[PDB]
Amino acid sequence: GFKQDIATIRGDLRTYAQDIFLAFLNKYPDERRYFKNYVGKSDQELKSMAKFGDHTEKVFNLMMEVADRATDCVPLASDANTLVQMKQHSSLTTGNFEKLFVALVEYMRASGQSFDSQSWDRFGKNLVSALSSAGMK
């Protein structure tokens, strides 16, 4: 289920985090504009950058804590507030998160590993609603 999925991802986190984030950037290549130096590179070239695995791992470390502090796939408002107030996310709107979760759910459905993909879709929807409640445009 969703709670065990968090342990699945945590057990091989840099591999899942890069694979999911690459699925997001390949599904929505225009989203590369929020990052620096990601355009113009294939997946293997991104994975050998200095910063790419380390930053994607940090993103998923935090995503999994948000998911673990949730009840029934509903994140805490304080975790939504932190994501809205991070200076690194000052340019974003909730649509950027919904695209990330659409790609994440598609990855889980396609994978050989069992995941509770419907609960990740619901968690993404609930996080978008919480980000909007916390004031993201």
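Don't overthink the numbering: it's just position in the shown sequence, from 1. Under this definition, the rigid core comprises the largest set of C-alpha atoms superposing within 1.5 Å between the forms.
*Asks:* Comparing 80 to 88 with 33 to 41, which has C-alphas lying farther from the shown form in 7 other deposited structures of this protein once the core is aligned?
*Replies:* Farther on average in 7 other deposited structures of this protein: 33 to 41.
*Asks:* How do 94 to 102 and 50 to 58 compare in 7 other deposited structures of this protein: which one has C-alphas farther from this form after the rigid core is matched?
*Replies:* So, of the two stretches, the farther one in 7 other deposited structures of this protein is 50 to 58.
*Asks:* Please compare 60 to 68 with 47 to 55 and name the stretch with the higher mean C-alpha B-factor in the deposited structure.
*Replies:* According to the entry, 47 to 55 carries the higher average C-alpha B-factor.
*Asks:* Should the higher mean CA B-factor in the entry be assigned to 25 to 33 or to 107 to 115?
*Replies:* It is 107 to 115.
*Asks:* Out of 100, 86, 80, 74, whose C-alpha atom has the biggest B factor in the entry?
*Replies:* The C-alpha B-factor peaks, among 100, 86, 80, 74, at 86.
*Asks:* So where's residue 94 on the chain's Cα temperature factor ranking, which third?
*Replies:* Within its chain, residue 94 is a highest-third residue by C-alpha B-factor, going by the deposited values.
*Asks:* In terms of the CA temperature factor given in the entry, to which third of its chain does residue 131 belong: lowest, middle or highest?
*Replies:* It belongs to the middle third of the chain when residues are ordered by C-alpha B-factor.
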